[PDB]
RNA sequence: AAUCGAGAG
DNA sequence: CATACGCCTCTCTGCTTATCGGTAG
DNA sequence: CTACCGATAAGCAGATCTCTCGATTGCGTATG
Ligand SMILES: [Mg+2]
Ligand SMILES: [Zn+2]
Ligand SMILES: [Zn+2]
Ligand SMILES: [Zn+2]
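Protein chains in written order, with PDB author numbering: chain C, 1033 to 1139, 1155 to 1203; chain E, 38 to 161, 228 to 251; chain L, 12 to 49, 80 to 100; chain D, 1025 to 1153, 1160 to 1200, 1214 to 1216; chain U, 1601 to 1663; chain H, 746 to 974; chain P, 54 to 154; chain B, 1 to 141, 174 to 268, 312 to 446, 451 to 832.
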């Protein structure tokens, strides 16, 4: 009898949380890096056939790259937003860039300033949604190609 | 002092599923009282006529039982609601009656309306005009200008 | 702070504001704490006792 | 990838997620593949009638239903087809349609397929034994009512898997 | 070729030749309606097949 | 511990493969007794496993070359050892006086491997073991250069040792393609026994034979018993 | 400004009203299908887990899913399903209106 | 995701579009000036590709947002390239529209009557009217006649749309389906074919020059013909600049705005925005944030991002052409070195070619020229290893384990053997309540080592606390102060969550790749075992998973929300999938040794005394574990009374059924057969058929045919009569029965057989 | 991080 | 002789496209 | 007569589960 070299100490792996891929914010690949295991296209299709929808959403959104992003309700875009630099005692606010003009160009509180010092008044109408970070990455890669994606939010 | 009926889309806590009126008021209205809200601006004070909408289209009114729509991800439910804000509105150029709390040579430390902070700057009962309004600061406040 | 649990998603307005009369002032003064307390935010709702006396008597 | 959206609507018709309709009934009978295990096993059904009743409780599943119109129209159409006897399909009239087409198979008891009725009557021609034809018929019809694909079942995914997974074990081609 | 005439562009793009189906969707200004299961997975919306074919309410007891 | 095969081919001695025994002569019982071996699994004897059955270790080499920064005449910025800075004594408890570790030290995650006083940062820099497998050191080979010019020490090769005892889930295979993971260490009091008084150390199912059609395994069992007797 | 929001609100409310079924024309299955059963149980479980009010005695229970199953047995679940149709329409069947199995 | 931070808003749709050249300029937080990405001293360089305006970078506060690397989301910027570049995505559409256009009269080289016919057809198809678009061709029946045709066709189309909107066959958004999409694409394809076929322009009569192309970023035209010039004169391989093509297209698109609005809008255009032909030309590029262009340290080696490489190359060519323009003005005043001026003008032309090809490389790697090639944006999301398939359809997931599988016939068939090492690592956030503090305080006390235990405690404000490096008394204080009123007003509806270990209460997902069918991914109630680090699986599931124990391993996903728990427990759990929807045949059942032991225990030759019978029944059943129904084990009369009480194996099966089967329910009166012919048992044997009755076995033998991969068996009928749950419990009970039996009377094979 | 090589079901 | 900066060949479907003539203005 | 077109064999674009390890990474020439 031969004792083979496929021992169970070199095959088991478990992750609760840990490192994530920087550009997708999804679990890393591999065992020695303490990554995740891929639920692939075929597994997803199997999960659809059962009709277990929340299982599919948990194994493809909730526990992989669920992010509480911000999207401009007026603009309809995800990655054009930005936090406003606070003044003394102020509270930082989420505000749009595409839907905002310079307060300098147009001739109280609806004026926000970015870090460089410019003063804006404009698209202060951004909400928070629940999207995968791969959505933001895809949006960036499409915008770099000259394509815009308007996202319609249910409450407007 | 004006009344502004507004429609808001406020989330509901599962803990208040047996008292939705209080679950909306104590969760979205009290955090708005005495605060500069970007729809009126003055010290919000009063939440009269809070009416919870119903997600049932064929819902005759006056009913004491209402539907709340549940988000597919979390137990918290969302809905539309209607309520008259009933809020003050001081702005630029309005007569304001105030009092002086502590006199300072550089920035007078005074609480207008017996409760609301303010200050008097350098280059600037009594019915004084208003130049601007300070709401990005710690509290609701307004500086004093005495040019006429 | 100011997450979903303490912030309306949107406060879109339906109509223009309307004012009130003097007989709507002394109603709110005498019938608010009767309808509210007859918590921790109470440190920020005490100023109504100051607002009531402004329109009622001497601060 | 293409069938991954098609799913039974709450009208018992199957239609892709864009709304377009592919079929009005799954296979023409709305019979669930898992649940059709012993629909035609009438001998076993008769042998077990008394055990099957405790789950197909009529008195617990009769009130919130209509038990008359579907069976009446079923007998009407059954007699119609019997009377027309045998004639080529391009000659036969279409004055009477399958019952499930007009009557909801899940709200109207007795609204069942046509092969099911023919085989049920053929095996009820035994005339061998309590248990009577009326109770046996009512229980078989409640079995058919509980043997229907639920709406929203991922029928397209299920069919794609059923036609692909057996292909692993594979003069005209 | 057999899925060209489908309203869900995300299905085609995820399937294959993502570029060509992307051009055909941006040029016609097609508004992906987010109802095919693949589009839902792309955006992160609960799938409508099965336990997503309905909604859930909550009968409150008080006005 | 390896053993010569009783059922050996004639070419086991022409090629001289006695130098590398790859296994052992195990008492196999073709029996359906436990239920823990039906599809392809197999069962080892817990007592036999505890008497050294199929034990083995693993050896891992980890180069600790410290020339990761210096480059062709750039000054030696790091020297193995301990400087005149702050370093907790728990490091020395595991570390030798020169900064390299001892030999035969039990190492886990987070334990120092080798320390050195970094010149620029003015602080000793440790290195940690990267594996969730507790280990024992085997050697520490210092490395120089073959050029006539002499340098400092910057490369060391460490070999590690870990006890790879055969636990349930490990794959043992006959010489007839009858592979199968060990499914339970069956205690000898629960093992079947014979009149002679031996519990077989390996239990395999009979149902593996009909579909697989290996009469070679049966005849090897026969020949092995005959040869040992 | 304010009135355009009223126009949006009226349009959405009228469309919602026209989509629905007036509590008596609904002709869908009375049987609770497995998917509705599973999601009803899960949503009630989540609500209980976030400390939503419970009406039946726990019977020394710790699992919110078990408690929700007990509620479904007692049928004291304040929860309404809403079956959407191909074009889109509602049927707000409540808890004590469907027959299980 | 977290369950105590719900999101009020939600996406409801998404519509593609062209990113207008001026919105990015309004959007952009910084231009990109110089190619040099980084200087020395490890610092960013203003106007580079790592500006602080494009996002935080290695503890450099973002000059746009002001947050740090953990909170800056990135900020897009733009690079302004001087000469407009063809957008490589829409090159074929640009060619189609540029071709078949008459720059002379600035119209399509096609009859305006036919062009208006196609436009009216398309505006009808936008609302789903398919038959109307075909009956529009019934008006055919010169300027006055053509204008009459236009007026009548447009009036007819407006009336048709009015009728459709009034009746209800459409809404304001339009009616778009698969059939309408097919019709629209068919009509557009035929329209493009008809457009790119004509000769001289039919609206004026003038010929126009042809165009050509050597692929992408390669634009050329031609010269006229010896007879064509004569035709043109009586009617009245040159390179083409990108700006020239843009200027040609602008005019014709302004002229044909109607047809172009009905072509470039499959939905009725509510925004009534124009169709500007500059959309085909990228005047300004967008640079993704530093967040999406970060580098990584593979030890000491640091790799510059390939996107930064290609963008810096594009910017190098941009600075080349810009600084070459500075010296082109030097020869502007001195218009006497025109030959060298033409030399540097050819240099400017080649720089135009280079910059267009650089942007082509930056978008599509293959649309570059030159023979390792750097991936482009199209190549980054194109194929199996792209973005859609590798990161949106299927993603790596948290709270999911994996290990080799091993058999365990001592777990219920709806269970799985969870090793202790997973049970101390996989977790589940249980929000503390008054019905959980008994066990959640205990989990907190035990901490992250002693199962059952906890790893983190998530505070009411959403903050997290780790129990990994704490003492017993510290965790005792935390547990005793676990559930407490929250004095924070904002989080007045939230409670602590304990990241407790996976107990036996929960359910898990199991998946053995490849997942050929849906049954290969079910749900199992977890049972925690203090044995080796491997998953332990019952034997019946080997058929469903197609799984063996020759070294197989299968993923074990842990659902993290009650929605998924209830999903896997009711729709996907292994008991609710006794049969497969492929053909409605059974897929579960004991496999080999239980079957071969059944052929022996249910053999007619096997009798068992009182002690052996009772031992078998109790070991199989164990009423203390819920396998019974009468709160006390029941028995059977022995077959034989003298000389001493013996039983039979068939009686053993009968009482096993009687003990598992619910009471006050007739037993399965079953008639079937098995895989064993009568002549094998000898003359007069009737063992080929099994005769069940009232819950008793009376003839034949149990076999594979009655449990396993065979239909119409005893377990199949138990399924058909008591649902799948009782059939699952029968599978489990027979698994524990034929196992304890086969220990006593073992089964073997040898040379004698 | 890709490429190449060894393997597992 | 170290250090530093860029130039270079054994599948199948389904749509790019045919050369020429039929045949009414 | 010839343009409109309706149909005749060839060039190219894009196809053909999950996992764990280890090793290595193109060169030429110019200034000090
Ligand atoms: Mg295997
Ligand atoms: Zn905006
Ligand atoms: Zn920033
Ligand atoms: Zn022209």
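Just so you know, even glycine gets a beta-carbon here, dropped at the ideal spot from N, CA and C.
Proximal residues of chain P, C-beta to C-beta of residue i below 8 Å
i                       : result
residue 1606 of chain U : The contacting residues do not exist; residue 1606 of chain U stays about 16 Å from chain P at best.
Coarse secondary structure for residue i, derived from DSSP in three states
i                       : result
residue 1633 of chain U : coil
residue 60 of chain E   : helix
residue 121 of chain E  : strand
residue 29 of chain L   : strand
residue 535 of chain B  : strand
residue 1072 of chain D : helix
residue 1049 of chain D : coil
residue 697 of chain H  : As shown, chain H starts at 746 and ends at 974. That puts residue 697 of chain H outside it, with no answer to give.
residue 949 of chain H  : strand
residue 102 of chain P  : helix
Neighbour list for residue i in chain C, Cβ cutoff strictly below 7 Å
i                       : result
residue 54 of chain P   : Under the 7 Å cutoff, chain C gives no residues; its nearest Cβ is about 13 Å from residue 54 of chain P.
residue 1183 of chain D : 1083
Same chain, Cβ closer than 6 Å to residue i, five either side skipped, listed in chain order
i                      : result
residue 777 of chain B : 770
residue 416 of chain B : 406
residue 965 of chain H : 752
Partners in chain E for residue i, counting only beta-carbon separations shorter than 8 Å
i                     : result
residue 58 of chain L : Within chain L, the sequence of modelled residues goes 49 then 80, so residue 58 of chain L has no position in this structure.
Interface residues of chain B facing residue i [CB-CB closer than 7 Å]
i                       : result
residue 1043 of chain C : 482, 483, 632
Any non-hydrogen atom of ligand 5 within 6 Å of residue i CB
i                       : result
residue 1170 of chain C : Among the ligands in the structure shown, ligand 5 does not appear; only ligand 1, ligand 2, ligand 3 and ligand 4 can be found there.
Residue i versus residue j: straight-line alpha-carbon distance, rounded
i                      : j                       : result
residue 210 of chain B : residue 1043 of chain D : 9 Å
residue 833 of chain H : residue 549 of chain B  : 21 Å
residue 907 of chain H : residue 89 of chain B   : 57 Å
residue 780 of chain B : residue 595 of chain B  : 34 Å
residue 198 of chain B : residue 191 of chain B  : 10 Å
residue 125 of chain E : residue 1624 of chain U : 54 Å
residue 603 of chain B : residue 637 of chain B  : 10 Å
Proximal residues of chain E, C-beta to C-beta of residue i below 7 Å
i                       : result
residue 1162 of chain C : What residue 1162 of chain C touches in chain E: nothing, since even the nearest Cβ is about 17 Å away.
Contacts of residue i in chain P (Cβ-Cβ under 7 Å)
i                       : result
residue 1083 of chain C : 88
Interface partners of residue i on chain H, CB under 7 Å
i                      : result
residue 145 of chain B : A break in chain B separates 141 from 174, and the residue in question, residue 145 of chain B, sits inside that break with no coordinates.
Contacts of residue i in chain D (Cβ-Cβ under 9 Å)
i                       : result
residue 1077 of chain C : 1025, 1028, 1187, 1190, 1191
(request) For the region 609-676 of chain B, list the alpha helix (DSSP H) runs that are entirely contained and at least 4 residues long, ordered along the chain. (result) 620-624, 641-649
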